[PDB]
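Peer 1: Dropping a structure here in structure tokens format, bear with me for questions.
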Amino acid sequence: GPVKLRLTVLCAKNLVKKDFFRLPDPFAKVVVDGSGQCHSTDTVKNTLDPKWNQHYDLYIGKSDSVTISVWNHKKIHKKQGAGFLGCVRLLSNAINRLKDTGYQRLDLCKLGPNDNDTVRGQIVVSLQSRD
Numbered sequence: 010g011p012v013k014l015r016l017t018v019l020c021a022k023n024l025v026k027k028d029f030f031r032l033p034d035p036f037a038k039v040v041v042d043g044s045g046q047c048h049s050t051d052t053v054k055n056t057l058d059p060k061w062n063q064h065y066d067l068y069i070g071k072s073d074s075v076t077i078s079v080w081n082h083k084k085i086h087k088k089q090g091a092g093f094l095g096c097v098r099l100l101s102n103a104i105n106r107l108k109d110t111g112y113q114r115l116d117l118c119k120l121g122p123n124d125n126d127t128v129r130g131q132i133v134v135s136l137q138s139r140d
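Numbered by the authors' numbering, the letters in the sequence shown go through residues 10 to 140 in order.
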């Protein structure tokens with residue numbers, strides 16, 4: 010059957026303040042492409058270096074993958090594409106090698122070029138499978 014993997018979102022670095030003189034409110038939201046399983050970490054009020062020390066227990070089967078995406082609560086409310094921070098994506102092969110590593114630093118950047126490049130952050134996590 011599937012394998013439960015715990016992706017621990019330790020903290021995030023260089024939180025794009027987005028709007029000058031203003032501050033973002035980072036929070037995490039994971040999605041499972043194949044199970045519809047979603048999870049989320051509390052929001053961090055006006056910060057440039059948040060942390061949640063919280064993990065998500067997703068599942069992986071054969072060729073499954075999981076993506077932990079962070080969003081700026083302030084702009085998610087702003088609407089109109091506003092609200093994105095840094096989406097981190099790990100595949101099945103990456104999930105395994107990492108599941109034992111115990112730590113991974115994924116830079117929080119935009120989905121891609123010409124696609125709202127309002128990023129500049131990073132994020133530290135830890136991959137360990139559940140017994």
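For every residue, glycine included, the Cβ atom is placed at its ideal position computed from N, Cα and C.
Assuming the contact rule is C-beta atoms closer than 8 Å, residue 99 and residue 74 should be a hit. Round their C-beta distance to whole Å, please.
Peer 2: Here residue 99 is taken as the residue at index 90 of the sequence shown, counted from 1. Here residue 74 is taken as the residue at index 65 of the sequence shown, counted from 1. The pair is a contact, with the Cβ atoms about 7 Å apart (cut-off 8 Å).
Peer 1: Indicate whether residue 132 and residue 104 have their beta-carbon atoms separated by less than 8 Å.
Peer 2: As a working note, residue 132 is residue 123 in the sequence shown. As a working note, residue 104 is residue 95 in the sequence shown. Their beta carbons are not under 8 Å apart, which means residue 132 does not touch residue 104 by this criterion.
Peer 1: For the alpha helix (DSSP H) holding residue 19, just list the boundary residues, first then last.
Peer 2: Counting from one through the sequence shown, the residue named residue 19 turns up at place 10. It is not in any alpha helix (DSSP H) - residue 19 instead sits in the beta strand (DSSP E) that spans 12-22.
Peer 1: Using a 10 Å radius around the Cβ and a threshold of 16 neighbouring Cβ atoms, would you call residue 50 buried or exposed?
Peer 2: Translated into positions along the sequence shown, residue 50 becomes position 41. Label assigned to residue 50: buried.
Peer 1: Along the chain, where does the alpha helix (DSSP H) that runs through residue 106 open and close?
Peer 2: As a first step, residue 106 must be located in the sequence shown, where it is residue number 97. Residues 101-110.
Peer 1: For residue 60, report the span of its beta strand (DSSP E) as first-last.
Peer 2: Sequence index remark: in the sequence shown, residue 60 carries index 51 (1-based). Here the beta strand (DSSP E) through residue 60 covers 60-69.
Peer 1: Among the residues of its own chain, which have a CB less than 6 Å from the CB of residue 92, if the five just before and after it don't count?
Peer 2: Residue numbering aside, residue 92 sits at position 83 when the sequence shown is read from its first letter. So the list reads 80, 81, 84 and 85, once near-sequence residues are dropped.
Peer 1: What three-state label does DSSP hand residue 83 in the structure shown?
Peer 2: Stepping through the sequence shown from its first residue, residue 83 is reached at position 74. Correct three-state label for residue 83: helix.
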